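*Asks:* I am attaching a structure below and will ask some questions about it afterwards.
6 protein chains.
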Amino acid sequence: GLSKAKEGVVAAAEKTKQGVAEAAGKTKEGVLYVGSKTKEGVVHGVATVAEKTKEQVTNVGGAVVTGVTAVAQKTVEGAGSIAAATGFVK
Amino acid sequence: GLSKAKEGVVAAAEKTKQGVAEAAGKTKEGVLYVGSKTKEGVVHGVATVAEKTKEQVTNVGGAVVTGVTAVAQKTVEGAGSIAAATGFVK
Amino acid sequence: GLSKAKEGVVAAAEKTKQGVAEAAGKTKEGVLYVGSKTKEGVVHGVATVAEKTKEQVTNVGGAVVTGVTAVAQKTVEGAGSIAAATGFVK
Amino acid sequence: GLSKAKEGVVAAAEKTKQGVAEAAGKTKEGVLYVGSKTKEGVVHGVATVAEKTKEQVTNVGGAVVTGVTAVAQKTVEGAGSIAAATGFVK
Amino acid sequence: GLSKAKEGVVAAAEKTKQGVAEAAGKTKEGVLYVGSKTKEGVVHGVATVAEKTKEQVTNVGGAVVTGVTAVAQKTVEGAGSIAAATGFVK
Amino acid sequence: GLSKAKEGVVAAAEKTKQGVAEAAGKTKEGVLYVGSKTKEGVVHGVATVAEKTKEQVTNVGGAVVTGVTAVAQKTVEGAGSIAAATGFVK
Ligand SMILES: *[C@@H]1O[C@H](CO)[C@@H](O)[C@H](O)[C@H]1NC(C)=O
Ligand SMILES: *[C@@H]1O[C@H](CO)[C@@H](O)[C@H](O)[C@H]1NC(C)=O
Ligand SMILES: *[C@@H]1O[C@H](CO)[C@@H](O)[C@H](O)[C@H]1NC(C)=O
Ligand SMILES: *[C@@H]1O[C@H](CO)[C@@H](O)[C@H](O)[C@H]1NC(C)=O
Ligand SMILES: *[C@@H]1O[C@H](CO)[C@@H](O)[C@H](O)[C@H]1NC(C)=O
Ligand SMILES: *[C@@H]1O[C@H](CO)[C@@H](O)[C@H](O)[C@H]1NC(C)=O
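Below you can see the structure in the form of structure tokens.
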């Protein structure tokens, strides 16, 4: 049983996931040895991310703007009236 | 049983996740030895992130602006009226 | 049983997570030896993050602005009227 | 009389020049005004050089190696036995 | 009479020059005004050099290595036996 | 008579020059006004050099190594036996 990121063993579940990201190297798992070694061994890793990320955001005279939003709800027996990143203009 | 990030063993669950991030190297797990070693061994890792992240945010005369928001609710038997990152203009 | 970040063993749960971050190297777990070693061993790690993060935020004459918000509620049998990062303009 | 780099007025001369370089903008001379100006004037300049110059030099078991050398000599009436960047192997 | 770099007025001369360099902007000369100005004037300059110059030099088991050398001699009536960056191996 | 760097007025001369350098902006000369000005004037300059210059020098088991050397001699009537950056191995 090895789960790197989210779930390994569940009977019932539900999820929501988002990503605005930058990654070089993940997931170096299960490095296990059963036996014998005699002379030499070498392991090596190098990572480099996000070299000069240049970005500009401009918004003039807008009404509604939404960048990132994640909503997840579970109801067994009920009423739900929920909202997120909502904008009312009149 | 090894879960790196979120969940290893659950009977019932629900989650929401977001990321605005930068990462070089994660998840170096399960490095276990069962046996014998004689002469030499070397392990090595290097990480570098977020080299000169240049960014500007500008908003002039706006009405509603929403950058990042995460909402997750669970109800068994009830009424729920919730909100987040909401804006009312009149 | 080893859970690095959030949960290892739960019967029922629910969570919400957010990140605006920068990381070089995480998750070096399970480094356990069962056996014998004779001559030499070396382990090495280097991390570097957040090299000259330059950023500007400007907001002039706005009405509603929301950067980051996380809300998570659980109700068994009840009424809930909650809000966060809300703005009313009239 | 305006000489930017090497010589403006000479009766007798001799020179030697070398360059291993990188340059964006030179030689903005002779900006002189004779007259009148009334309302507005703008002058602007931007320069950027040497973006991530990556280079490696390797030499194994060599005998003679010469990278850069400049020699210039002037004699009126005489004997000259000069040398530079010379290598004798026996 | 304006000489930026080397020589403006000479009767007899001799020189040697070398460069391993990086430059953004030089030579903004002769900015002189003869007259009248009324309302506005702006002058502007920006320079940036040597962005992440990465370099390695390696030499193993060599005999003679010469990187940079400049020699210049002038003799009226005489004998000259000079040397520079020389290597004798026997 | 204005000489920025080396020589403005000489009857007889000789020189040698070298550079391993990095420069953003030089040579802002001759800014002289003859006349009248009424309302406004602005002069501006910005310079930035040597951003993360990373370099390594390695030499193992060498015989002769010469990086930088400059020699210049003048003799009217004589004998000269001079040397620089020389290496004798036997
Ligand atoms: C649910 O939310 C809405 C508004 O979005 C509201 O009008 C309603 O009364 C709430 N409940 C039900 C059962 O509609
Ligand atoms: C839920 O929230 C809404 C407003 O968004 C409100 O009008 C309502 O009365 C609340 N409850 C129900 C059952 O609608
Ligand atoms: C829930 O909140 C809303 C306002 O958002 C309010 O009008 C309402 O009375 C509250 N309760 C119910 C059952 O609606
Ligand atoms: C000049 O230099 C050489 C060696 O390069 C030497 O043999 C000689 O004697 C010197 N002078 C003359 C006149 O040759
Ligand atoms: C000049 O230098 C050389 C060695 O390079 C030497 O043998 C010689 O005697 C010197 N003078 C003359 C006239 O050769
Ligand atoms: C000049 O230097 C050389 C050695 O480089 C030497 O042998 C010589 O005697 C000196 N003078 C003359 C005239 O050669």
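Protein chains in written order, with the numbering used here: chain S, 1 to 90; chain Z, 91 to 180; chain G, 181 to 270; chain R, 271 to 360; chain X, 361 to 450; chain F, 451 to 540. Ideal placement from N, C-alpha and C gives every residue a C-beta, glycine not left out.
1) With a threshold of 8 Å (Cβ to nearest heavy atom), would residue 175 of chain Z be considered close to ligand 3?
2) Could you check if residue 175 of chain Z is buried or exposed, using at least 16 other CB atoms within 10 Å of its CB as the buried criterion?
3) Rounded to whole angstroms, how far is the Cβ of residue 327 of chain R from the Cβ of residue 379 of chain X, which I believe are closer than 8 Å?
4) Per DSSP, which residues does residue 457 of chain F bridge with? Please list them.
5) Got a sec, what are the start and stop residues for the beta strand (DSSP E) residue 238 of chain G sits in?
6) Spatial neighbours of residue 262 of chain G within its chain, please: CB distance less than 7 Å, with the 5 preceding and 5 following residues excluded, ordered by chain position.
7) Let's see if you can read the secondary structure: which residues bound the beta strand (DSSP E) around residue 25 of chain S?
8) Could you name the residues whose beta carbon sits closer than 6 Å to any heavy atom belonging to ligand 2, keeping them in chain order?
9) With the cut-off set at 9 Å, would you say residue 479 of chain F and residue 382 of chain X are in Cβ contact?
10) Which class does residue 180 of chain Z belong to by DSSP, given the choice of helix, strand or coil?
11) Please report the straight-line C-alpha distance between residue 155 of chain Z and residue 270 of chain G, rounded to a whole angstrom.
12) Measure how close the beta-carbons of residue 308 of chain R and residue 398 of chain X come, nearest whole angstrom, since I'm counting them as under 8 Å.
13) Here's a check: name, in chain order, each residue in its chain whose Cβ is nearer than 8 Å to the Cβ of residue 182 of chain G, leaving out the five neighbours to either side.
14) Since residue 489 of chain F is in the beta strand (DSSP E), which residue starts that stretch and which ends it?
15) Ignore the nearest five residues each way along the sequence and tell me which others in residue 475 of chain F's own chain have a CB closer than 6 Å to its CB.
16) Classify residue 215 of chain G: buried if its beta carbon has 16 or more other beta carbons within 10 angstroms, exposed otherwise.
17) Does the beta-carbon of residue 366 of chain R have 16 or more other beta-carbons within 10 angstroms, so that it is buried, or is it exposed?
18) Check residue 482 of chain F in the structure and name its three-state DSSP category.
19) Give me, in chain order, the residues of the same chain whose beta-carbon lies closer than 6 Å to that of residue 419 of chain X; leave out the 5 immediate sequence neighbours on both sides.
20) Measure the CB-CB distance between residue 5 of chain S and residue 103 of chain Z and report whether it falls below 9 Å.
21) DSSP state of residue 1 of chain S, grouped into three classes?
22) List the DSSP bridge partners of residue 335 of chain R.
23) Using only the alpha-carbon positions, how far apart do residue 260 of chain G and residue 231 of chain G sit?
24) Let me make sure I understand the geometry here. Which of Z:122, Z:153, Z:178 and Z:159 has the alpha-carbon closest to that of residue 197 of chain G?
25) Which residues bound the beta strand (DSSP E) around residue 265 of chain G?
26) Would residue 229 of chain G be called buried (16 or more neighbouring beta carbons within 10 Å of its own) or exposed?
27) What do you reckon, are the CB atoms on residue 157 of chain Z and residue 247 of chain G nearer than 9 Å?
*Replies:* Put simply:
1) One-based indexing of the second sequence puts residue 175 of chain Z at position 85. Not under cutoff, so the answer is no.
2) Along the second sequence, read from residue 1 onward, the residue named residue 175 of chain Z stands at position 85. Per the 10 Å Cβ criterion, buried.
3) Start at 1 with the first residue of the fourth sequence, and residue 327 of chain R comes out as number 57. Start at 1 with the first residue of the fifth sequence, and residue 379 of chain X comes out as number 19. The Cβ separation is near 18 Å, so there is no contact.
4) Within the sixth sequence, residue 457 of chain F is the residue found at index 7, counting from 1. Bridge partners of residue 457 of chain F: X:367.
5) As a working mapping, residue 238 of chain G is identified with position 58 in the third sequence. Start and end: 234-240.
6) If you number the third sequence from 1, residue 262 of chain G lands on position 82. For residue 262 of chain G, where only same-chain residues beyond five positions count, the Cβ hits under 7 Å are 253.
7) Here the question's residue 25 of chain S lines up with position 25 in the first sequence. Taken as a continuous stretch (DSSP letters only), the beta strand (DSSP E) holding residue 25 of chain S covers 20-25.
8) S:79, S:81, Z:169 and Z:171
9) Here residue 479 of chain F refers to the residue found at position 29 of the sixth sequence. Here residue 382 of chain X refers to the residue found at position 22 of the fifth sequence. Result no, Cβ atoms of residue 479 of chain F and residue 382 of chain X do not sit closer than 9 Å.
10) The sequence position of residue 180 of chain Z within the second sequence is 90, counting from 1. Reduced to three states, the DSSP call for residue 180 of chain Z is coil.
11) Walking along the second sequence from the start, residue 155 of chain Z turns up at place 65. Walking along the third sequence from the start, residue 270 of chain G turns up at place 90. In a straight line, the C-alpha of residue 155 of chain Z is about 17 Å away from that of residue 270 of chain G.
12) If you number the fourth sequence from 1, residue 308 of chain R lands on position 38. If you number the fifth sequence from 1, residue 398 of chain X lands on position 38. Right, the Cβ-Cβ distance comes to about 5 Å (below 8 Å), so this counts as a contact.
13) Reading the third sequence from its first residue, position 2 is the one you call residue 182 of chain G. Closer than 8 Å at Cβ, skipping near neighbours: 188, 209 and 210.
14) As a position in the sixth sequence, residue 489 of chain F is number 39, starting the count at 1. Careful: residue 489 of chain F lies outside any beta strand (DSSP E) and carries neither H nor E.
15) The sequence position of residue 475 of chain F within the sixth sequence is 25, counting from 1. Closer than 6 Å at Cβ, skipping near neighbours: 497.
16) Reading the third sequence from its first residue, position 35 is the one you call residue 215 of chain G. Classification of residue 215 of chain G: exposed, given that the 10 Å Cβ count is below 16.
17) Look at the range of chain R in this structure, 271 to 360, and you will see that residue 366 of chain R is not part of it.
18) As a position in the sixth sequence, residue 482 of chain F is number 32, starting the count at 1. Coil at residue 482 of chain F, not helix or strand.
19) Against the fifth sequence, residue 419 of chain X aligns to sequence position 59. Counting only Cβ-Cβ distances below 6 Å, and skipping sequence neighbours, we find 425.
20) Here residue 5 of chain S corresponds to residue number 5 of the first sequence, with the count starting at 1. Here residue 103 of chain Z corresponds to residue number 13 of the second sequence, with the count starting at 1. In this structure, residue 103 of chain Z does not lie closer than 9 Å to residue 5 of chain S by Cβ.
21) What you label residue 1 of chain S is simply residue 1 of the first sequence in a count that begins at 1. Correct three-state label for residue 1 of chain S: coil.
22) Along the fourth sequence, read from residue 1 onward, the residue named residue 335 of chain R stands at position 65. Residue 335 of chain R pairs with X:425.
23) By one-based count along the third sequence, residue 260 of chain G stands at place 80. By one-based count along the third sequence, residue 231 of chain G stands at place 51. So the alpha carbons of these two residues sit roughly 44 Å apart.
24) By one-based count along the third sequence, residue 197 of chain G stands at place 17. Taking only the C-alpha atoms, the option nearest residue 197 of chain G is Z:159.
25) For the purposes of this step, residue 265 of chain G is taken as residue 85 along the third sequence, with counting starting at 1. No beta strand (DSSP E) contains residue 265 of chain G, which DSSP labels as neither H nor E.
26) Taking the first residue of the third sequence as 1, we reach residue 229 of chain G at position 49. Residue 229 of chain G is buried by the Cβ-count criterion.
27) Numbered from its first residue, the second sequence carries residue 157 of chain Z at position 67. Numbered from its first residue, the third sequence carries residue 247 of chain G at position 67. Closer than 9 Å, so yes.
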